[PDB]
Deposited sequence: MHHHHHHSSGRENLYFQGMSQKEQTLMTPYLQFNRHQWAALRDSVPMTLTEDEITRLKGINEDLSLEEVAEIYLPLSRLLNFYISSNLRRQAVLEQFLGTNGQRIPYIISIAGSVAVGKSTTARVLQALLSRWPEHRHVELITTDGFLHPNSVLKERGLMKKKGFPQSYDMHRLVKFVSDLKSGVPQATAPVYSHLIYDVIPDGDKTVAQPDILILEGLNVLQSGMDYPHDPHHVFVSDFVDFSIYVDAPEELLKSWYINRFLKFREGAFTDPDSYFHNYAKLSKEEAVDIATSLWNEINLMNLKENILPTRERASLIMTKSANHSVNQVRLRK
């Protein structure tokens, strides 16, 4: 009967409760399909919830700084966002970055995707892993752990590698420098994974050990597949006139064969990755946000 999570249906979550014209523009800049009603009813209360957790942490830090007699190194609050390929992790992260910025206390909000920490294609091909991107063996997981550990050590700056969907590879010299933000949002399919998922090269302190609050964005596998295919088709269209783009390869296929191939890539790669590696980490999240048709949130679960 009882679980470790408080449960809110959509109506209960919306009942927890407006924006500037330049905030609306920024939100529409993130995604043209993003419903402003959804932002108002779901994401605004979520940003408020997160601010309570962040504020409580800042308060505690002052209390402990007084007790411990420390100079008080500035340490970022880190929020991680996990879930299937195509569930909406990136959209959620960008909306939360925009909304969390509104508070004076924590105005510098960085967003880092774990995509960048994939091994480059040259390494993957050597290892026979070109069709296993997003699987644990495809990640430089020690480097990702070191990244969040460095932030949680108070280093003045840390560098993250960045991934390109144009070249479908790590950007050779495109490393992003992060300089002690108030908040870092760390978004990627593997942020709740741990040593057990990396038996080929074990690590013993986990990403989650350096994350303050984690969100798992959830949806049934039939919706994920349809959102995956929709995106695939959008990437194909966006590459029509860029011959040097990875997705330009799919421009040569009819839309119908493109759907067939995307469906195969879902079934053989991404659905496998979901079932074997991503979905089992769900109950490690501070909060599970569940989506239904049209990306409407229908359930929020928060750890008691």
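Legend entry - Coordinate gaps, deposited numbering: Deposited residues absent from the model fall in 1-25, 43-47.
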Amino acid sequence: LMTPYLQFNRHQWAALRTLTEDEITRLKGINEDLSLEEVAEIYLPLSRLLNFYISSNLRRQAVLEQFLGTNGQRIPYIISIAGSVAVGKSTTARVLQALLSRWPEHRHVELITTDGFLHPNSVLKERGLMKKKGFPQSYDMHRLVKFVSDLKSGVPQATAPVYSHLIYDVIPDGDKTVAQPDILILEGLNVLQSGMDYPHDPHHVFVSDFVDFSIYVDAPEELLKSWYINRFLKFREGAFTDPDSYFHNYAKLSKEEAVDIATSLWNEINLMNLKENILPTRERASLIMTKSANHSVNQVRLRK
From here on, numbers count along this sequence of modelled residues.
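Legend entry - Greater mean Cα temperature factor according to the PDB record, 66-74 or 251-259: Taking the mean B-factor of the alpha carbons in each, 66-74 is higher.
Inset, instruction - Between 21-29 and 283-291, point out the one with the higher average CA B-factor as the PDB entry records it. - result: Stretch with the higher mean C-alpha B-factor: 21-29.
Legend entry - Which of 83, 174, 134, 116 ranks first by CA B-factor in the deposited coordinates: Across 83, 174, 134, 116, the entry lists the biggest C-alpha B-factor for 174.
Legend entry - Identity of residue with top Cα B-factor, from 190, 180, 92, 208: Of the candidates given, the C-alpha B-factor peaks at 180.
Inset, instruction - Using the B-factors in the PDB entry, rank residue 53's C-alpha atom against the chain and give the third, lowest, middle or highest. - result: Lowest third.
Legend entry - Third assignment of residue 297 from its chain's C-alpha B-factors: According to the entry, residue 297 has a C-alpha B-factor in the chain's middle third.
Inset, instruction - Compare the C-alpha B factor of residue 225 with those of the other modelled residues in its chain, then answer lowest, middle or highest third. - result: Middle third of the chain for residue 225's C-alpha B-factor.
Legend entry - CA B-factor placement of residue 138, once the chain's modelled residues are sorted into thirds: For residue 138, whose C-alpha B-factor we compare with every modelled residue in the chain, the answer is the middle third.
Inset, instruction - Compare the C-alpha B factor of residue 42 with those of the other modelled residues in its chain, then answer lowest, middle or highest third. - result: CA B-factor rank for residue 42: middle third.
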